[PDB]
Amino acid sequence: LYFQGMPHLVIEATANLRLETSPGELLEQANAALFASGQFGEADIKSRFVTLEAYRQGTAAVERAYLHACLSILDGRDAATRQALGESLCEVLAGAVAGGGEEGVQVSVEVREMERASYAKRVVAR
């Protein structure tokens, strides 16, 4: 069996962030966005949403919220590919933000590469 076994997507949200969707819906939407790229197998996109309970942004005594994602793909794609993927996620994430804290909400997406030569993967059958 040949399978990509990636991408891995980790979405971190401060506990005070308010979204327009449930976390499940956000994960669904992020995964649909990634699948729509045509670069990934449907069952290979593996995403998680992590609530941050202990966070600080800057030094000011200002209530703030933030939302960050890190998309990890296999090495080898070109710059334009990586940039497009990050932008497609950022659109999904930014669109899901209802609000949080007492000012605007920073949304960021990193796209990073995993060394495919050393990436190990298996499926453990049911």
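Each residue number is its position in the shown sequence, starting from 1.
A summary of the deposited B-factors shows that, of 20-28 and 107-115, the stretch with the larger mean C-alpha value is 20-28.
Mean CA B-factor, 8-16 versus 98-106: the higher value falls on 98-106. Going by the entry's values, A60 shows the largest Cα B-factor out of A54, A60, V50, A69. Annotation for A36: CA B-factor lies in the highest third of the chain's modelled residues.
For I73, the recorded CA temperature factor ranks within the lowest third of the chain's modelled residues.
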